[PDB]
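There are 2 protein chains.
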Amino acid sequence: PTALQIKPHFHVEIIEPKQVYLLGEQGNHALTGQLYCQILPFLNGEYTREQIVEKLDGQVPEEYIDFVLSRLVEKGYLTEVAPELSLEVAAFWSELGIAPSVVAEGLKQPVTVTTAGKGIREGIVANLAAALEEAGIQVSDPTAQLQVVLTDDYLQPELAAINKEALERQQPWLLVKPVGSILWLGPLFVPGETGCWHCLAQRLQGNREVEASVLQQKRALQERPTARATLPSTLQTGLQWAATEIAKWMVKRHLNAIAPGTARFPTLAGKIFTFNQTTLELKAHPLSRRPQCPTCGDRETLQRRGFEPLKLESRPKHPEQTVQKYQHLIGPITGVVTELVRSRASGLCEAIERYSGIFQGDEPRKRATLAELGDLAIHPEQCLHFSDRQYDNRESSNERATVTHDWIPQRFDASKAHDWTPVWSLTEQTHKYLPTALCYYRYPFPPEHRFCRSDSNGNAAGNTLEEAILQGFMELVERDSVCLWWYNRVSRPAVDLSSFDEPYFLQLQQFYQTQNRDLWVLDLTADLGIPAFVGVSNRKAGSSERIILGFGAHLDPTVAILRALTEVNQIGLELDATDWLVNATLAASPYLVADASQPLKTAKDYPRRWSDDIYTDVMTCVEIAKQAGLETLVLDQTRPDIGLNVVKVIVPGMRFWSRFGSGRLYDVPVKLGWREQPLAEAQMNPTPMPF
Amino acid sequence: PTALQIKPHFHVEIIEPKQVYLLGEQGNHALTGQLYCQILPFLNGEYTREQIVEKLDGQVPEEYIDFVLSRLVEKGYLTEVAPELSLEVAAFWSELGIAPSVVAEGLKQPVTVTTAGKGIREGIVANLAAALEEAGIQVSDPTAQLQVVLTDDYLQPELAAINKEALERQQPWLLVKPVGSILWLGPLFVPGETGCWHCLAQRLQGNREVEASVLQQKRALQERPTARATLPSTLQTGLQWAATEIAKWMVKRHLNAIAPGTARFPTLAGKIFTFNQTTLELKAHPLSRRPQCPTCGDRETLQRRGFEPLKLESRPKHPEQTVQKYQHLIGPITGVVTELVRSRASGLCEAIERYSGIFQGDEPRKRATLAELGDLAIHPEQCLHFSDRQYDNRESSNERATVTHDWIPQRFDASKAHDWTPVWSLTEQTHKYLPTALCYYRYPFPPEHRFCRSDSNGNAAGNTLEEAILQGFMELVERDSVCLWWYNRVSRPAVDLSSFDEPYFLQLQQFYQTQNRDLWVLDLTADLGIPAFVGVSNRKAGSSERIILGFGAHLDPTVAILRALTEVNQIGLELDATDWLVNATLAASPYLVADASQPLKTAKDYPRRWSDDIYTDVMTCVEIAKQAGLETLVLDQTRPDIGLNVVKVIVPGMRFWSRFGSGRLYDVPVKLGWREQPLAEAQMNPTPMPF
Ligand SMILES: [Zn+2]
Ligand SMILES: [Zn+2]
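Here it is as structure tokens:
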């Protein structure tokens, strides 16, 4: 004995001869047939199927009633009555696509309600307790299958203990912030399946840079934490919304116990919702479960990988689609990167890239002295190249530091022990060791002994390790080439653009003439032979030449040039710190002038060395550097939670802005016959730049 | 005597020597100065300014305290205490950017609560009544300055009376639907300022095409309406959310009474919010106040304009930005057009265009007989051109109607009177009269006497009337030209594309060869001399030629051709009803084959007649038609609420698909020497098409 009805969220309207309409606030349906008009009056829940046959005795034979009833179940218009529920309520659950008969049993299980901070008044729990009772849910004192945790802040310290309890009890729990101008629901944490609270917290702490900083400064000071807007109406909204959601999750829980994957409607599982009361904005923030989560995952993950050998494969060459792939990382709570991003998928990769570099604590390392590590170790000076002068004058020079670059660090104390991170030598196929402080952003030093500032030179991302490695390697040769030129102020040959098989170069050049601008490309290729170029554009008239520079390096010189022009273009577009743009002149800047005593570079002056494989090109690159007497090192910074590959390529010896130690910077010009004698440190280009 | 405090939504953290941080959940701020650290301990609301001077007597001179206090007011960090409020509550209002001291006075005014339908249980009012009391608001039996109206449907008939009451009482009222799976707040209607409920309703009825239709069918049947999902938790959410919002509006109301435009935070005024409980989606829907609203506006607006003469100006020639301009029209409730739209700003204009055509009831017209109107009237047959055969066989032909086109209407009964709409004759500068049924979509006929079906031929939109008029005129000549060709199956000369000064034509042509396709353009120009073309692409190999056709007409033949190729391209892209694509062949379709007995059309065969002015071009067009013996009529369908110009250009005599009455269709071929004798009706191209 079990009555049947057209789902209670439909208003049935029968238009006699042959029409029936099912009207619902989130969807309508029509049925066509004289049979439907004759049966549906009895599908109001007041009749069991045995009993519908009685009423249509002379009208419709049983067998056709059965068939029509089966049609309606298959079409999802028919459900078993739920006597123990309002139609109002039954309708809600049926509007969700669920047998309301099932619901009473799903909700009869108990739920417990608790607080995390000290910032939740006693009555607020009682309030929620009431709403849940009114929704048909058992509540008890902390057996329970859901623990609801009311807090005023998701970084409340107490949650760490609570998270552990729930992990070791395998017990779902739900966070709710009902106080404040923005209401937060979830995540509903489910120990086998979702992230833990610590998955959330290492991300959220990353989006409270300030609040962390104040706390630190407050603790330093010590012995020698928040406020909250709340109308009763907003409080009550949040609690009531939560009750709705808890209900939904318990019904889902139930259906799925019975039939795994049967219930598809959305719940708070692994999700946060924020409802802003001042700006009426609703937003979803998805919690990712972090594979390397120290609490609920494998902390040693990166430690392990760092000491395993690097594994590179073939990568033949067979968008804004990227932004979808890494969408779940864009956000103020749940995300690692914020805003819209920073086409823009370029600034997204770079933001994600920079984040990956930030030292979390799990990174591979060994505490040892330089001596202990022996030849596998690399002295940081082999990568920084600050002159002895720079260091000794570091104090006076540092006070005035024009730029973030011109911070001279402190000298490395080799005699002391340090964290050393393993990095893969492609050139020698072994690990070597670089100090961890050079390898990751924000490595925590002892205060005084800051021996470096991490820098992003050689850092790079890609959808594969090999794409990233070539990116980072070319970023390196671009800056080593620009440094050799800029600082030695070297007169360089220009490039016949027509000779290249790219109609765009000459076209863009010409276009600049209509916009009151000249444009040459100088050749910055140095002893690696890898094509490197500057684009020099100056204004034609006006009282300031406004010289804009743009760089590029690639195996294919055409690619390299295109990048240089693109950079000039992006800068040029922005314009309309320093005073280069006001003061610099070709007339007073010989190194910006093409060497007339040397012929123009054509397409034919660049021996081709790039191939269909990116692996091949990496290894081409490595060999080239070995030819120069340089070891190509790589460090994978990729994070399992993020997915996008991030590397730091390191080629010790290769030169970066603002560092004047002995090395290539002086020797290469001479070795290449740009000079009889090396230049002196005091004669290095004192103009600050480029860009 | 009136105490001062740092706004209660900030958590003040003083870091002794020189730092102070104001921490708030929607924004942080830092202050720098030893003075701030010394004064801010006393800006906790416990001290009047007279009293802060006492405490810092020996420390800080009065004058500097005053200055610092003035700084903090100017910077918006300081507010007068509100004794009669929680800090919790004060904080909410300060997080909104408002003196909490002001708030108590704003809320002390009374508000009344009521129902619209029969579908709001008694306790629901009491529920909301309670929430408002708890929020500090007076509630009374229906003096009041806000009437809150709980309903289960926004098209509830009772609202019309309520809307009138409020209009004649100049009394704000707020609609709320707290029942159902989706909660609706607002609009808050404000009689001088917002739309009325009828502004909302003519739009909303437009988005319930079905629900209207069921109601109609139900009433026809008569004497010979909805359901609603509701958990207590969802009900309570909506009521509580509303209380929040009502509060906000009353405080805004208050501040602005005192200082017009002082309060800038958002309220429900002229807005609907929907909060979906099943999919957790929050959406805003803005109510537009309709200038021609019969209830709160000027009904006679269009009536008036229709009989005033058309006013066209100069329009010299000096994007997806359009989609922003008409964004407020895209939506299921408030909007006229739905979905995303239908680049896409093309399908938006067309959707808005079609909507404007729909007969509302306000359109200009005169009830008269053909005879009464005399020569100013135009017989619909002069615009439809159905053959006598078509009409007499209308019954047999109609049963099987292949297409929406092949509905043969009924003959016009001239002897009877009809609604006649005035239309502007550009050619004669007077109004003429066309039956209203031809002029607007969905004109309500008496059932039997349906003498036409409205059609969109000559309909067109633009950001100015003149752009729309040229669009609609060219759409007309495109279809008159294609009809003459198609139906008479006329062999036509091809077009030398190289001869045109457009490198793209030859390039696209070539591209089609790589995609297994040929492509010619035939010249469809007829006796108007206005350039009109078909693009004919056929597959090269495969067992079905899959011939795709694309049309174009413009004064500039290059523009016209470009349109033809673009159309071919859009169709071609879609492919990968009828069986043309399977069965049609060049071999069996002479009219698709270029006439070899006639030379190829070059750029030089098209006398240039377009100019810098669009007005000039309209009038060029009109003159050309007058030369052909044709009156150019225009009817502005633009709606004041929508803004985008929409016209219908009518040129009686010019031919449309599927209509075989005596006229141009037979006479033009002969007049142009394409035939010695006119073709017979039975010999008209019987293949159905084109597209
Ligand atoms: Zn975890
Ligand atoms: Zn109105």
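Just so you know, the sequences run in chain order A and B.
All the letters of the first sequence, read from the start, carry residue numbers 3 to 144, 156 to 237, 250 to 343, 355 to 378, 423 to 656, 667 to 781 under full-length UniProt numbering.
All the letters of the second sequence, read from the start, carry residue numbers 3 to 144, 156 to 237, 250 to 343, 355 to 378, 423 to 656, 667 to 781 under full-length UniProt numbering.
No residue lacks a Cβ here, since even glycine has one placed at the ideal position from N, Cα and C.
- Does at least one heavy atom of ligand 1 sit under 7 Å from the Cβ of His211 (chain A)? Taking the first sequence and counting its residues from 1, the one referred to as residue 211 (chain A) is at position 198. At least one heavy atom of ligand 1 sits closer than 7 Å to the Cβ of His211 (chain A).
- Is any beta-carbon of chain A found at less than 8 Å from that of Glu86 (chain B)? Taking the second sequence and counting its residues from 1, the one referred to as residue 86 (chain B) is at position 84. No - not a single Cβ of chain A is within 8 Å of the one on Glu86 (chain B).
- Message: Beta carbons nearer than 8 Å to chain A: which residues of the segment 255–266 of chain B have them?
- Response: Hits within the stretch, in order: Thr255, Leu256, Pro257, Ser258, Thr259, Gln261, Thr262, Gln265, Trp266.
- Query: Bridge partners of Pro502 (chain A), per DSSP?
  - Reply: Start at 1 with the first residue of the first sequence, and residue 502 (chain A) comes out as number 422. Per DSSP, A:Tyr513.
- I think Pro144 (chain B) touches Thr117 (chain B), with their Cβ atoms under 8 Å apart; what is that distance to the nearest whole Å? Position 142 of the second sequence, counted from the start, is the residue given in the question as residue 144 (chain B). Position 115 of the second sequence, counted from the start, is the residue given in the question as residue 117 (chain B). About 10 Å separates the two Cβ atoms, so there is no contact after all.
- Query: Which value, in whole angstroms, describes the spacing of the CA atoms of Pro515 (chain A) and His498 (chain A)?
  - Reply: The residue labelled residue 515 (chain A) in the question sits at position 435 within the first sequence. The residue labelled residue 498 (chain A) in the question sits at position 418 within the first sequence. C-alpha separation (whole angstroms): 7 Å.
- Query: Under the rule that 16 or more other beta-carbon atoms within 10 Å means buried, what is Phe781 (chain B), buried or exposed?
  - Reply: Within the second sequence, residue 781 (chain B) is the residue found at index 691, counting from 1. Exposed, by the Cβ-count rule.
- Query: So with Cβ pairs under 8 Å, would you call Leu307 (chain A) a contact of chain B?
  - Reply: Numbered from 1 along the first sequence, position 282 holds the residue referred to as residue 307 (chain A). Chain B, which has a Cβ nearer than 8 Å to the Cβ of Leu307 (chain A), makes this yes.
- Message: ligand 1 and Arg315 (chain A): does any heavy atom of the ligand fall closer than 7 Å to the residue's C-beta?
- Response: Taking the first residue of the first sequence as 1, we reach residue 315 (chain A) at position 290. Flag set: Cβ of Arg315 (chain A) near ligand 1.
- Does the beta carbon of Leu376 (chain B) come closer than 8 Å to any beta carbon on chain A? Looking up residue 376 (chain B) in the second sequence gives position 340. Taking 8 Å as the CB threshold, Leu376 (chain B) stays off the interface with chain A.
- Exposed or buried, what is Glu479 (chain B) when buried is set at 16 or more other beta-carbons lying within 10 Å of its beta-carbon? What you label residue 479 (chain B) is simply residue 399 of the second sequence in a count that begins at 1. Result: exposed.
- Query: At a Cβ threshold of 8 Å, is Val91 (chain A) touching chain B?
  - Reply: The residue given as residue 91 (chain A) occupies position 89 in the first sequence. Yes, because at least one Cβ of chain B sits closer than 8 Å to the Cβ of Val91 (chain A).
- Task: Below 7 Å between beta carbons is the criterion; list the residues of the segment 504–520 of chain A that meet it against any residue of chain B, in chain order.
- Result: none
- For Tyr696 (chain B) and chain A, any beta-carbon pair shorter than 8 Å? One-based indexing of the second sequence puts residue 696 (chain B) at position 606. No - not a single Cβ of chain A is within 8 Å of the one on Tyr696 (chain B).
- Message: Between the alpha carbons of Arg73 (chain B) and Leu671 (chain A), how many angstroms are there, rounded?
- Response: Residue 73 (chain B) sits at position 71 when you count from the first residue of the second sequence. Residue 671 (chain A) sits at position 581 when you count from the first residue of the first sequence. Answer to the nearest angstrom: the Cα atoms are 38 Å apart.
- Identify the continuous alpha helix (DSSP H) that holds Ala128 (chain B) and give its terminal residues. Taking the second sequence and counting its residues from 1, one reaches residue 128 (chain B) at position 126. That run of the alpha helix (DSSP H) goes 124–136.
- Query: Would you say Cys318 (chain B) touches ligand 2, meaning its beta carbon is less than 7 Å from a heavy atom?
  - Reply: Numbered from its first residue, the second sequence carries residue 318 (chain B) at position 293. If you check the C-beta of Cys318 (chain B) against ligand 2, you find a heavy atom less than 7 Å away.
- Message: Quick check: the Cα distance between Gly427 (chain B) and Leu556 (chain A), rounded to an integer number of angstroms?
- Response: For the purposes of this step, residue 427 (chain B) is taken as residue 347 along the second sequence, with counting starting at 1. For the purposes of this step, residue 556 (chain A) is taken as residue 476 along the first sequence, with counting starting at 1. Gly427 (chain B) and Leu556 (chain A) have their alpha carbons spaced roughly 49 Å apart.
- Message: Under 7 Å: does the beta carbon of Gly630 (chain B) sit that close to some heavy atom of ligand 1?
- Response: Sequence index remark: in the second sequence, residue 630 (chain B) carries index 550 (1-based). No.
- Comparing the C-beta of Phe94 (chain B) with each C-beta of chain A, is any distance below 8 Å? Taking the first residue of the second sequence as position 1, residue 94 (chain B) is located at position 92. For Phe94 (chain B), the answer is yes, since a Cβ of chain A falls inside 8 Å of its Cβ.
- Query: For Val557 (chain B) and chain A, any beta-carbon pair shorter than 8 Å?
  - Reply: Start at 1 with the first residue of the second sequence, and residue 557 (chain B) comes out as number 477. By this cut-off, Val557 (chain B) is not an interface position.
- So does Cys429 (chain A) have its beta carbon nearer than 7 Å to some heavy atom of ligand 4? For ligand 4, the structure offers nothing, since it holds only ligand 1 and ligand 2.
- Please classify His343 (chain A): does DSSP put it in a helix, a strand, or coil? Against the first sequence, residue 343 (chain A) aligns to sequence position 318. Residue state, collapsed to three classes: coil.
- Task: Return no unless some Cβ of chain C is closer than 8 Å to the Cβ of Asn281 (chain B).
- Result: Absent from the structure: chain C. Protein chains present are A and B.
- Query: How about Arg572 (chain B) and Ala684 (chain B): are their beta carbons less than 8 Å apart?
  - Reply: To locate residue 572 (chain B), count along the second sequence from 1; it is residue 492. To locate residue 684 (chain B), count along the second sequence from 1; it is residue 594. Closer than 8 Å, so yes.
- Please find out if some non-hydrogen atom of ligand 1 comes closer than 7 Å to the beta-carbon of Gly205 (chain A). Sequence index remark: in the first sequence, residue 205 (chain A) carries index 192 (1-based). No, since every heavy atom of ligand 1 falls outside the 7 Å radius drawn around the Cβ of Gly205 (chain A).
- Give the DSSP-derived three-state secondary structure of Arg278 (chain B) in the structure shown. Counted from its first residue, the second sequence places residue 278 (chain B) at position 253. Here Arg278 (chain B) sits in helix by DSSP.
- Between the CA atoms of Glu270 (chain A) and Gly295 (chain A) - distance to the nearest angstrom: The count along the first sequence starts at 1 and reaches residue 295 (chain A) at position 270. The count along the first sequence starts at 1 and reaches residue 270 (chain A) at position 245. Approximately 13 Å, taken between the alpha carbons.
- Query: In angstroms, rounded to a whole number, what distance separates the CA positions of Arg749 (chain B) and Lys231 (chain B)?
  - Reply: Within the second sequence, numbered from 1, the residue matching residue 749 (chain B) stands at position 659. Within the second sequence, numbered from 1, the residue matching residue 231 (chain B) stands at position 218. Cα to Cα, the separation comes out at about 37 Å.
- Task: Report the residue from B:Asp442, B:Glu443, B:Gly331, B:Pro191 whose alpha carbon sits nearest the alpha carbon of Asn301 (chain B).
- Result: Translated into the one-based positions of the second sequence, residue 301 (chain B) becomes position 276. Among B:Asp442, B:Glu443, B:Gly331, B:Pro191, the Cα nearest to that of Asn301 (chain B) is on B:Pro191.
- Task: State yes or no: is the C-beta of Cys519 (chain B) nearer than 7 Å to some heavy atom of ligand 2?
- Result: Within the second sequence, residue 519 (chain B) is the residue found at index 439, counting from 1. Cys519 (chain B): no, Cβ never under 7 Å from ligand 2.
- State yes or no: is the beta carbon of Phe298 (chain B) nearer than 8 Å to at least one beta carbon in chain A? Position 273 of the second sequence, counted from the first residue, corresponds to residue 298 (chain B). Chain A contact via Cβ: present.
- Given residue 348 (chain A) as reference, the closest of A:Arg253, A:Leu33, A:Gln462 once Cα atoms are compared: Here chain A is numbered 343 followed immediately by 355, so the structure offers no position for residue 348 (chain A).
- Taking any Cβ of chain A, which residues in the segment 4–38 of chain B have a Cβ under 8 Å from it, in chain order? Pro10, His11, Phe12, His13, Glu15, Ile17, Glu18, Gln21, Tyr23, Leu25, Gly26, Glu27, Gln28, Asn30
- Message: Cutting at 6 Å between CB atoms, please list the residues of its own chain near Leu690 (chain A), excluding the five before and the five after it.
- Response: Numbered from 1 along the first sequence, position 600 holds the residue referred to as residue 690 (chain A). Answer for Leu690 (chain A): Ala574, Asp576, listed in chain order.
- Message: Strictly by DSSP, which residues pair up with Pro311 (chain B)?
- Response: Translated into the one-based positions of the second sequence, residue 311 (chain B) becomes position 286. In the DSSP output, where bridge partners are listed per residue, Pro311 (chain B) has B:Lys296.
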